[PDB]
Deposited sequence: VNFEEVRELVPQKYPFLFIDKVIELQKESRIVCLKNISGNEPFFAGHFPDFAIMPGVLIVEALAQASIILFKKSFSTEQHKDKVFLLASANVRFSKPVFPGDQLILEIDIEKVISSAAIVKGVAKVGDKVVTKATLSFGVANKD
């Protein structure tokens, strides 16, 4: 397990942390993160309480957090702002699911980056996304 590493890598604290473990990390190309999904989270009761179904925007945020982990471990210090998300929601995600976040970098600039992520539940692909990030660290 490498969650305590994620707690410093990802600055996002509770209740907006959507990474639990880094399965694999290929520097400057690819990252694979894990998110355990439980019914004991606030958005499940906050989003349509009569039926627990994770909002897709939070899967996009998990994809973005994996992307930022990949950036910070494999680019000196800057910040990364999400510029765009082009997402495709294939299938719903439910409590008890292990959500596998897969980021592959396409392009890297001094001032910009483009990544392509897929989130999987076993063999299922449930979201595809093209994300783009900018830098704005002033000092």
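Residues of the deposited sequence missing from the coordinate set occupy a single block of positions, 76-80.
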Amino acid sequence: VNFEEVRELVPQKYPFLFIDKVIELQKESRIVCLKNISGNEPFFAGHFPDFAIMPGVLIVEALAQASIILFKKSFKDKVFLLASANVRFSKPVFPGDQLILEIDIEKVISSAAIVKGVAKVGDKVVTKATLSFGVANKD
From here on, numbers count along this sequence of modelled residues.
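As the entry records it, the average C-alpha temperature factor is higher for 44-52, out of 44-52 and 80-88. Mean CA temperature factor is higher for 10-18 when stretches 119-127 and 10-18 are set side by side in the entry. Highest CA B-factor among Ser29, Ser110, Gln65, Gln98, as stated in the entry: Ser110. Annotation for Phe75: CA B-factor lies in the highest third of the chain's modelled residues.
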